[PDB]
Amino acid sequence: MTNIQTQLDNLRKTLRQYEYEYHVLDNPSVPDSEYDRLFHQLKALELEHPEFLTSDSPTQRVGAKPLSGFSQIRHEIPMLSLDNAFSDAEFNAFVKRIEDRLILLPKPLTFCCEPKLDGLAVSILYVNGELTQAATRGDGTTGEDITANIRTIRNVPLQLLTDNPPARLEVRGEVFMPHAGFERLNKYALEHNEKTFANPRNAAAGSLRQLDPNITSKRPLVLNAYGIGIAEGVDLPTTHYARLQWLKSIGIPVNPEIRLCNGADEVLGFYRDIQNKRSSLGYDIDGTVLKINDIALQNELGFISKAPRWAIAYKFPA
């Protein structure tokens, strides 16, 4: 044991907890200045005692050397797309089809509802709580390794906040740029005679394809987690909402507008609520994502492979 190793451990623990409170809870317990006091105290100590420098320390987000080219990653579990709807009648027809397709339709039929963000789909791997890899969705089967870029995102934890993390946990989410950050960036680009971005989605997409992590770090990107891929060494909750609440309780940023709605008319109320809140969110959204909440019902319903919307095979009963 040494005093300096204990001082580093305590600084890192404290700093990870303040990041959680600021980014995930939106209720920091100390001012920004106090966080910064400790952050550069940790950075200086680590540089004066490099023997105790760790790769997942809060001061190690930015890789000092720009990359040459992104490697390709094949997803262990593929990243699927979502079916879409454009009207209440269409959504009602979607629910009516699930209602008769299910063996036993429960009363109520609960949905986990969230805003649909206008961002870049990513997959982030934590091995025994530590961030080791991150990838773009790409075509859903193969993507680009953007680990160094993802590590610069301030609300992305380099270490899960739990003493017993899963053996492996793959978090899926969307990287986006909030309005305030997007406006700030364009004022900086114009003030420094550089090109501007047409919209927040283009700015986020451009920031994630930078080969220099130092540029990505200056871009105000935010992750919002909406799913889980691989999950080894853990008993995931049996509802989709409980799984998102579990991600949040271990340090992962999740959207705070997520709700549970019983039946189509409540789900339609949420859609109109979110539609009315658009002017006040501070980030771009394209719609709402409505999912069956009960996990056993999702498994029972399953997936639809790449198929035309204009054909259907009405099979005979045995």
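Between two forms, the rigid core is defined as the largest C-alpha subset superposing within 1.5 Å. The numbering used is simple: start at 1 and walk along the sequence shown.
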| task | Going by root mean square C-alpha distance after a core fit, say whether 94-102 or 192-200 is farther from the shown form in 6 other deposited structures of this protein. | result | 192-200
| field | Stretch with greater C-alpha deviation in 6 other deposited structures of this protein, 239-247 versus 182-190 (rigid core superposition) | value | 182-190
| note | Going by the entry, of stretches 304-312 and 17-25 the one with greater average Cα B-factor is 304-312
| request: Mind pulling up the entry and telling me whether 190-198 or 234-242 has the higher mean Cα temperature factor? | output: 190-198
| query | Which one, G69, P31, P253, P58, has the peak C-alpha temperature factor per the PDB entry? | reply | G69
| message | Looking at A225, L104, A205, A134, which one carries the largest C-alpha B-factor according to the PDB entry? | response | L104
| task | Taking the values exactly as deposited, rank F94 by C-alpha B-factor within its chain and report the matching third: lowest, middle or highest. | result | highest
| remark: On the chain's distribution of Cα B-factors, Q210 falls within the third called highest
| request: Taking the values exactly as deposited, rank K248 by C-alpha B-factor within its chain and report the matching third: lowest, middle or highest. | output: lowest
| remark: On the chain's distribution of Cα B-factors, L80 falls within the third called highest
| query | For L281, does the deposited CA B-factor place it in the lowest, middle or highest third of the chain? | reply | middle
